[PDB]
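[1] Sharing the initial chains of the complex here, in place:
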Amino acid sequence: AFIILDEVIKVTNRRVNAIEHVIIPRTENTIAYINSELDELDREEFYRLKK
């Protein structure tokens, strides 16, 4: 039981660390980039309509 618990907790802890330190930053940077692009499009659309 000791061995099994040790290996299981090691695996889960490293997985949690990897998720926290990799996934969330990677996705939120993309979120910001997408927001920036969608904000960019409307600017030129408004310019064209103004013209």
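    Right, received. Where do you want to start? Numbers count the residues shown, from 1 in each chain, chains lettered A, B, ... in the order given.
[2] which helices and strands sit right next to the one helix or strand residue A:18 maps to?
    Using DSSP states H and E, residue A:18 falls within helix A:2-18. Using 3 or more Cβ pairs under 8 Å, 6 or more residues apart in numbering; DSSP states H and E as the contact criterion, helix A:2-18 has no neighbours among helices and strands. Bear in mind the C-beta positions are built from the backbone N, C-alpha and C, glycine included.
[3] for it, the distance to its chain's centre please.
    A distance of 24 Å separates the centroid of the chain from that of helix A:2-18, by Cα atoms, centre = their mean, to the nearest Å.
[4] I'd like the next helix or strand past it.
    Next helix or strand after helix A:2-18 toward the C-terminus (DSSP H and E): helix A:24-50.
[5] Give me the buried positions along that next one.
    Residues of helix A:24-50 include none that count as buried (16 or more other Cβ atoms under 10 Å).
[6] again with stretch A:13-23
    By 16+ other Cβ under 10 Å, stretch A:13-23 has no buried positions at all.
[7] Dump it to CSV, keeping only the CA atoms.
    The C-alpha trace of stretch A:13-23 is given here as CSV (Å, rounded to 0.1, in the frame of the first residue of the first chain):
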residue,chain,number,x,y,z
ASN,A,13,1.4,16.0,-8.0
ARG,A,14,3.7,16.3,-11.0
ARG,A,15,0.7,16.3,-13.3
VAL,A,16,-0.9,19.2,-11.3
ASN,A,17,2.4,21.1,-11.4
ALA,A,18,2.7,20.6,-15.2
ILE,A,19,-0.9,21.7,-15.8
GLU,A,20,-0.5,24.8,-13.6
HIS,A,21,2.9,25.9,-15.0
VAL,A,22,2.2,25.2,-18.7
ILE,A,23,-1.4,25.0,-19.8
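[8] Could you check how far residue A:19 is from residue A:47?
    According to Cβ to Cβ, to the nearest Å, residue A:19 stands 42 Å off from residue A:47.
[9] List the contacts of the residue of chain A most remote from its centre.
    In chain A, counting by Cα atoms, centre = their mean, residue A:51 sits farthest out from the average C-alpha position, at 38.0 Å. The contact partners of residue A:51, taken as Cβ atoms under 8 Å, 6 or more residues apart in numbering, number zero.
[10] re the thing from before, contacts for the helix holding residue A:18?
    Where contact means Cβ under 8 Å, 6+ apart, no residue beyond helix A:2-18 reaches it.
[11] Could you tell me how far residue A:27 is located from residue A:19?
    Counting by Cβ to Cβ, the separation of residue A:27 from residue A:19 is 11 Å.
[12] ugh, wrong one, residue A:25
    For residue A:25 relative to residue A:19 (Cβ to Cβ), the value is 11 Å.
[13] do residue A:10 as well
    Residue A:10 is 15 Å from residue A:19, by Cβ to Cβ.
[14] Another chain to add, chain B:
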Amino acid sequence: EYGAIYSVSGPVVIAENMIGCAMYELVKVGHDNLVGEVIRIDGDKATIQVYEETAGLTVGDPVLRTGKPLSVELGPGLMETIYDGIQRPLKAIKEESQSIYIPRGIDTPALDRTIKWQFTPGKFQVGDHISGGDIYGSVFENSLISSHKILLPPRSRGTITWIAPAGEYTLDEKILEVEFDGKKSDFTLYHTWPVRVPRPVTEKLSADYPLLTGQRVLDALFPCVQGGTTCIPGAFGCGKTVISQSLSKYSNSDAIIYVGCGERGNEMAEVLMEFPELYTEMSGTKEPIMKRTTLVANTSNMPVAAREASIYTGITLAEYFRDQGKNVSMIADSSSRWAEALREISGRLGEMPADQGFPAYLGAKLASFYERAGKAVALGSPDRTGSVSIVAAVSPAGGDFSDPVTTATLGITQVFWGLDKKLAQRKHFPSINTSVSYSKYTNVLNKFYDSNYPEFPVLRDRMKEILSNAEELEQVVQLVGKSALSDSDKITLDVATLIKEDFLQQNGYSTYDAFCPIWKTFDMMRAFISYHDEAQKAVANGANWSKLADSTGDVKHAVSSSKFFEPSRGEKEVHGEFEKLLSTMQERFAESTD
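    That brings us to chain B, laid onto the chains above:
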């Protein structure tokens, strides 16, 4: 009186020297008399929309006024025909010209003036006072509809003077003379009505009768009441391609008018072949369904100004049919294409879009179009009663719901049947998403339910709760795995899977599965929910569901196969079979529970 052309650009034409024109007159432009209608007026110049192709025109051409907004001809002979966006018969054109093309400027009467119709005088006599919308005779049209009533057009009253007796008449001999300040009133078998003005009606009512689409998911979770709106995404594989056919074949619709706004063009040929040989078995196996259905087909290439009015034509025809006290159910094809046509017209005019390229009045126009639906009592002496049930079909625009047309439709439409990408990816043909779709007629339908089946409401709510619980549990189970789960959790998960793979799924091609009556759906629903609650009760009192499942496998297979009981055998013996199955399920659980 004529006006000279002064500028041309695409379909838009700017005439001039034309004062006294109204806002929507019909102007037969060009030496060939192409049909158009004014849009904008300023001084004498008047912008003209053109419903055909403007090629080869030259300035100085004649422009003639008519003085009457766009309208369609109404009377006998509509049924079992086909028209374009301006009510031009297609059989007649091809037969006359023997060509495969539609010659420009070709005009033909909307209803054949040669055929002779048998007429029976109504109940009115000389000297009586009559009002618009009153019946004064009936005419036989087809063995499928033998009571094509005759109505005095609204906005017309007075005292009848002379009436034609019975006999044979083509729809040109005057058969009525109404006395008034002037005796100009002379009425034939047909009349006309402007499209854009909704037809008058005495009063509206509240719809409280269901429509039986024959599909368990829709008829169980999101019922569609008679005389009610709807929205259905089109995917060609989500069943929508066949739900219209099923509705035509089974739902009690005295008349239906399919409308194709932006059809691809080959699908038009396919459906045109299909309709003439679809059979309905009600008071005799009447083979021709086309005897009970017109058709307004408009492909992409026809001028945009025709596409923008096709649906108006269709809804006006449906309203006229409603006038006679029937139960019409129109079905559009693509509201998205119609909105696209509206956007194109607005862009051509020189307007200013405000909703991602669309005009602003799009919502108002959609609301106006939708508002003509609903049950109502006619405007006449015999006190008729009709109903119109439009079933629009929005088209996905890429994103699920970001498009503004979907937002506007949701703002007004009562019943919505969303689309699920995942189920479509897995060939689960009915892809209705049970997380976003909804229907607001559930509240009212209980009045009908309790009269025949009191258990639908609570049972349906229980099923929906089961599905929601199963999906929310699935949300988390993936991130970890199905290891630390109680017996009840596994029970709920397996029951949800069984319902989703057996109840919801159904193919519209097998005889036993083509149409599912209400009673069969009720019984099969009872089976599943009773099974689930029995299992929950058994486990709650202490037991291992793993061991129990081994014994239950038999009854689980039984309930999974229950759907294969084809209907149309006894309609009551099937209910006895289901009751016996339920009793045996109770017995098997009781004995195995030992």
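[15] Could you re-examine what packs on helix A:2-18 with chain B now present?
    Of the remaining helices and strands, none touches helix A:2-18 by 3 or more Cβ pairs under 8 Å, 6 or more residues apart in numbering or on different chains; DSSP states H and E.
[16] Find the nearest non-adjacent residue to residue B:210, please.
    residue B:223 (5.2 Å; Cβ to Cβ, 6 or more residues apart in numbering or on different chains).
[17] Could you pull up phi and psi at the one you found?
    Per-residue torsions, residue B:223: phi -60, psi 150 (degrees, to the nearest 10).
[18] Is it correct that residue B:471 falls within a strand?
    No - using DSSP: H, G, I helix; E, B strand; the rest coil, the assignment for residue B:471 is helix, not a strand.
[19] Quick one: residues contacting it.
    Counting by Cβ atoms under 8 Å, 6 or more residues apart in numbering or on different chains, residue B:471 touches B:435, B:496.
[20] can you check residue B:441 too?
    By Cβ under 8 Å, 6+ apart, the contact set of residue B:441 is B:207, B:210, B:223-225, B:228, B:414-415.
[21] The residues you listed into TSV, with extra columns for secondary structure and neighbour count?
    TSV is the format used below for those (DSSP: H, G, I helix; E, B strand; the rest coil; neighbours: other Cβ atoms under 10 Å in any protein chain shown):
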residue	secondary structure	neighbour count
B:207	coil	22
B:210	strand	19
B:223	coil	23
B:224	strand	26
B:225	strand	24
B:228	coil	27
B:414	coil	17
B:415	coil	21
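[22] for those, which one is nearest residue B:313?
    Lowest distance from residue B:313 to those (Cβ to Cβ) belongs to residue B:228, with 21.8 Å.
[23] which phi and psi does that closest one have?
    According to degrees, to the nearest 10, residue B:228 has phi -140, psi 150.
[24] Test my guess that it contacts residue B:415.
    Yes - counting by Cβ atoms under 8 Å, residue B:415 is a contact partner of residue B:228 at 6.3 Å.
[25] Stretch B:467-482: which residues count as buried?
    B:467, B:470, B:477 (16 or more other Cβ atoms under 10 Å in any protein chain shown).
[26] Can you give me the distance of the first one to residue B:497?
    Relative to residue B:497, residue B:467 is positioned 10 Å away (Cβ to Cβ).
[27] can you confirm residue B:136 is in a strand?
    Yes - assigned with three-state DSSP, residue B:136 falls within a strand.
[28] show me the contacts for it.
    Taking Cβ under 8 Å, 6+ apart, we find residue B:136 in contact with B:121-124, B:130, B:150, B:152, B:160, B:163, B:176.
[29] if I pick the residue lying closest to residue B:346 once chain neighbours are set aside, what's in contact with it?
    Leaving out its chain neighbours, the residue that sits closest to residue B:346 by Cβ to Cβ, 6+ apart is residue B:359, at 4.4 Å. Listed by Cβ under 8 Å, 6+ apart, the contact set of residue B:359 reads B:342-343, B:346, B:351, B:353.
[30] show me what contacts residue B:225?
    So residue B:225 contacts B:207-211, B:441, B:444-445 (Cβ under 8 Å, 6+ apart).
[31] go ahead and place chain C:
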Amino acid sequence: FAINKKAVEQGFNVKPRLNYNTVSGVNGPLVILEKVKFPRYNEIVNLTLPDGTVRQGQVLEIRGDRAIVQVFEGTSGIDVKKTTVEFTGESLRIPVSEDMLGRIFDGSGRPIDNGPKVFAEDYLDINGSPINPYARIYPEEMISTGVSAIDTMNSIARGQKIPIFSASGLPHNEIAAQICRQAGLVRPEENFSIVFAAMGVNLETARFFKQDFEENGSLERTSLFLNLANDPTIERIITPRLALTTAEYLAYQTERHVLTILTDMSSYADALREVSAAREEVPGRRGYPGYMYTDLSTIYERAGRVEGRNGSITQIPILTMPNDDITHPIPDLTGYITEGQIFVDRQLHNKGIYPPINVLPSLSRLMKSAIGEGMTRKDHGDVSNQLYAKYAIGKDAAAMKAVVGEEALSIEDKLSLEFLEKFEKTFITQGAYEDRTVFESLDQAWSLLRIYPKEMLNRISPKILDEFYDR
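    Placed with the earlier chains, chain C looks like this:
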């Protein structure tokens, strides 16, 4: 008392009315007169089509000797030869009398209850002047909604402005009807009135509203302003002004505690985008006009108690997020202007919970001035916090149940898990016609709290625990 002198002075003075025949162009829903004399911005006109039909309109712009009228009921059928345009000589005004209550008015205010004319006690400009901030005070007492999930946890102090966010396919209208039916003060009434203006609604919903308010007797405490979906948009933007003006008149010239509801604002936003497209103002964010902030403020901020008069007022605007996102401009601005919000979850509705309200995102900033002694019992503020905390705990406990079994959960976790389900199925779940007083809701909340051991209810003060936990 000298108001009679002013009434007669401007009362008995008839003036003629011009009549034009110089229609000189048209552009969609507009109309362009040519040789008007001394035009007046924002007038009212009565067109006369060549067929004898009659419509209305309201000017928008004026060049040197020119007017730009827009017609309510479309523009089809008009002509530049025979149409006659009649001016009015003064902006839109509403007939105001004490006896509106009971009657039903259309969008423009013409009665549609098959009844006689209003017999106005006065006339007013629809959009009155703003309230002077220096003459304004704070809410104080509470209003009894009758809904368990609202009164107990999101009480409404008179003078507040609490919107009710909701999604498209949700029964928000039924909740609004129930609220209007069950409203009233609290007696630890001769002073209560309701204004229920609906804009952009189906025919079925309008018929249901009328029929329900008829046979439930609530009609004679209300005055509805119905406006269907197929009616002109300009009338739509007009209707809330009429409702607010009449409510303000009642409250601040008859001293009646009044409550107003709107039942929609998204359709109002649509009607507003439509205008400024007739004009050539370029679209703003998401296509909406940029200046919506000002006019929405004008709509909302005619609320709150007042220094001198004993009257009061309250608002419950109802929104509809397009795709269930708070980032949309309409909900953002509404939250910016108003205090707190009330949510409506889709999942709860799916599970058959009525009213399908979720309390975790809900909030009411003026609660602290609503509850208390005399105004209500003394234990409201503590039970509110306790129940909120325990519901929040129960949600995550249910979340962890699936991953770590049930035994590993602490005793606290099991108790919270049971309490969550009991709460959802009993407390929030309220019948469509079940009316509860605040006291009854408090008693039921105490019953639910009795699940936990007395000691463990940490957030509750010892005094209240000792006083009420018994039995």
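[32] Re-run the earlier check on the contacts of residue B:136 with chain C in the model.
    Residue B:136 touches B:121-124, B:130, B:150, B:152, B:160, B:163, B:176, counting by Cβ under 8 Å, 6+ apart.
[33] Point me to the helix or strand that includes residue B:522.
    Per DSSP H and E: residue B:522 is located in helix B:518-540.
[34] Send me that helix as CSV with only the CA atoms.
    Output of helix B:518-540 as CSV, limited to C-alpha atoms (Å, rounded to 0.1, in the frame of the first residue of the first chain):
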residue,chain,number,x,y,z
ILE,B,518,-47.8,9.6,-28.9
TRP,B,519,-49.0,6.5,-27.0
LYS,B,520,-46.0,4.4,-28.0
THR,B,521,-43.6,7.1,-26.9
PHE,B,522,-45.5,7.4,-23.6
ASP,B,523,-45.3,3.7,-22.9
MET,B,524,-41.6,3.4,-23.9
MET,B,525,-40.8,6.4,-21.7
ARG,B,526,-42.6,4.9,-18.8
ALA,B,527,-40.6,1.7,-19.2
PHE,B,528,-37.2,3.5,-19.0
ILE,B,529,-38.1,5.7,-16.0
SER,B,530,-39.7,2.9,-14.1
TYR,B,531,-36.6,0.8,-14.7
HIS,B,532,-34.4,3.6,-13.4
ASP,B,533,-36.5,4.2,-10.3
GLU,B,534,-36.7,0.5,-9.4
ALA,B,535,-32.9,0.2,-9.7
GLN,B,536,-32.4,3.2,-7.5
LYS,B,537,-34.8,1.9,-4.9
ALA,B,538,-33.2,-1.5,-4.9
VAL,B,539,-29.6,-0.2,-4.5
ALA,B,540,-30.6,2.4,-1.9
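[35] tell me what the helix or strand following that helix is packed against?
    Per DSSP H and E, helix B:518-540 leads on to helix B:545-561 as the next helix or strand towards the C-terminus. For helix B:545-561, the packing partners by 3+ Cβ pairs under 8 Å, 6+ apart come out as helix B:487-498, helix B:518-540, helix B:573-593.
[36] what does chain A have sitting close to chain C?
    Selection of chain A residues close to chain C by Cβ under 8 Å from any Cβ of the partner chain yields A:42, A:46, A:49-50.
[37] export those residues to a markdown table and tack on distance to residue B:146?
    As requested, the residues of chain A next to chain C are arranged in a markdown table below (distance: Cβ to Cβ, whole Å):
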| residue | distance to residue B:146 |
| --- | --- |
| A:42 | 60 |
| A:46 | 62 |
| A:49 | 58 |
| A:50 | 64 |
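[38] Return the distance of the residue farthest from the centre of chain A relative to chain C.
    The gap separating residue A:51 from chain C is 10 Å, by Cβ to the nearest Cβ, to the nearest Å.
[39] for the stretch 201-350 of chain C, what spans make up the helices?
    C:203-215, C:233-254, C:266-274, C:292-300, C:329-337, C:346-350 (DSSP state H, counting those that start in this stretch).
[40] hang on, the earlier thing: closest one of the contacts of residue B:136 to residue C:460?
    Nearest to residue C:460 among those, counting by Cβ to Cβ, is residue B:152 at 76.4 Å.
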